[PDB]
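*Asks:* Sequence first, structure after, both from an experimental entry:
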Amino acid sequence: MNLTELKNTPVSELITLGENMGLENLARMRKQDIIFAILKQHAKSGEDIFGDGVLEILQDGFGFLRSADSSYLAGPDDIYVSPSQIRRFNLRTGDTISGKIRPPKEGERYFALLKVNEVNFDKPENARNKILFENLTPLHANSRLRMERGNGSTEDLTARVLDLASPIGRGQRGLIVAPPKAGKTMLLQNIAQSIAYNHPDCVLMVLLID
Amino acid sequence: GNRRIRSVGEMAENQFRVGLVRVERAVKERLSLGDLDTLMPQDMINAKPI
Ligand SMILES: Nc1ncnc2c1ncn2[C@@H]1O[C@H](COP(=O)(O)OP(=O)(O)O)[C@@H](O)[C@H]1O
Ligand code: BEF
Ligand SMILES: [Mg+2]
């Protein structure tokens, strides 16, 4: 029982799954309460849970593990982590972590992280051997990130003109300057598609604000 | 010879032990779930009773 396995499948699978598990009507709750109650009732049968999520530092000292289902926000299924783990295993904001988890114990309301198994897709043993961000020596972009698909589809033109107008590289600083309703959305979608096709090794993330 | 005199030190030590037995019961019931590599020897002890 992993957190992501309920994190990614749609609400309908959660409905049929909880209706199979003999639940109170889960259709009355939110996605986060759905996963919360299902994980509750699963642990009530005696299973040790595994989970994952991105860490957020709070000013009181402790941290909280969020998911991309809540777009990294506060929710009932967020995994509480003590500040002392953040000390020993050198945690901070942005560290995605997966490992042993349990539901909140007697009187608590948020999941607890027992045992760290993967810190940013790495062994938690080497996670302490990391280099900081501001101590980095920045440079210009040398490696070319080819955006052209080469298949010659109808929309692929909007990518090829990329390779003809403004080249991109790893670590580039790009600003899209355009008035509203000019075609930025389709451009960004083609950018994401071309990157995910031609460069599946680099992680791809997108921000949509308001 | 049959009547013993106790000073402030002995009474203070006695009361310290009375508080220490309460903190001992507390740390014993708290140790029922604590495992390796999950807590420093600081959170299980509270200042309150002693
Ligand atoms: N490559 C394309 N092929 C066909 N239609 C397009 C293409 N790019 C943009 N459009 C048209 O432009 C509109 C895009 O709207 P929208 O995504 O809101 O643009 P913006 O995000 O720039 O406001 C769509 O209605 C679509 O019909
Ligand atoms: F430019 Be639109 F508002 F996406
Ligand atoms: Mg848009």
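*Replies:* Structure's in. What do you need? Numbering: from 1, shown residues only, chains lettered A, B, ... in the order given. Ligands and ions are numbered 1, 2, ... in the order given.
*Asks:* ok, now which ones touch the closest residue to chain A within chain B?
*Replies:* Residue of chain B nearest chain A, by C-beta to the nearest C-beta: residue B:40 (5.6 Å). Every residue, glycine included, has its C-beta placed from N, CA and C. By C-beta atoms under 8 Å, 6 or more residues apart in numbering or on different chains, the contact list for residue B:40 reads residue A:84.
*Asks:* name the element it belongs to?
*Replies:* Under the criterion DSSP states H and E, no helix or strand holds residue B:40.
*Asks:* Return the distance of it relative to residue A:89.
*Replies:* 13 Å (C-beta to C-beta, to the nearest Å).
*Asks:* residue boundaries of the helices in chain A?
*Replies:* A:3-7, A:11-20, A:31-43, A:83-88, A:157-165, A:184-198 (DSSP state H).
*Asks:* Next, count neighbours for the residue in chain A positioned nearest to ligand 1.
*Replies:* Nearest residue of chain A to ligand 1, counting by C-beta to the nearest ligand atom: residue A:185, 3.1 Å away. Residue A:185 has 10 neighbours, counted by other C-beta atoms under 10 Å in any protein chain shown.
*Asks:* So which residue is smack in the middle of chain B?
*Replies:* residue B:20 (1.7 Å; C-alpha atoms, centre = their mean).
*Asks:* Kindly tell me how buried the nearest residue to it once chain neighbours are set aside is, as a neighbour count.
*Replies:* Spatial nearest neighbour of residue B:20, excluding adjacent residues (C-beta to C-beta, 6 or more residues apart in numbering or on different chains): residue B:50 at 6.1 Å. Residues within reach of residue B:50, counting by other C-beta under 10 Å, total 14.
*Asks:* What of residue B:15?
*Replies:* Using other C-beta under 10 Å, residue B:15 is surrounded by 11 other residues.
*Asks:* partner residues bridging residue A:112?
*Replies:* residue A:80, residue A:102 (DSSP bridges).
*Asks:* you'd agree it is up against residue A:99?
*Replies:* No: using C-beta atoms under 8 Å, residue A:112 is not in contact with residue A:99, being 11.1 Å away.
*Asks:* Close to chain A: what parts of chain B are there?
*Replies:* B:33, B:37, B:38, B:39, B:40, B:43 (C-beta under 8 Å from any C-beta of the partner chain).
*Asks:* Make a PyMOL selection of whichever of the residues you listed turn out to be buried.
*Replies:* Applying 16 or more other C-beta atoms under 10 Å in any protein chain shown to the residues of chain B next to chain A, the buried members can be selected in PyMOL as follows:
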select buried, chain B and resi 39
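*Asks:* Would you check which pair of the residues of chain B next to chain A lies furthest apart?
*Replies:* Spatial extent of the residues of chain B next to chain A (C-beta to C-beta) is set by the pair B:33 and B:40 at 15.3 Å.
*Asks:* OK, now which residue of chain A is nearest to ligand 2?
*Replies:* residue A:180 (4.1 Å).
*Asks:* residues in contact with the closest residue to residue A:111 other than its chain neighbours?
*Replies:* Of all residues not flanking residue A:111 in the chain, residue A:79 sits nearest, at 4.2 Å (C-beta to C-beta, 6+ apart). Residue A:79 is in contact with A:3, A:51, A:53, A:64, A:65, A:101, A:110, A:111, A:112, A:113, counting by C-beta under 8 Å, 6+ apart.
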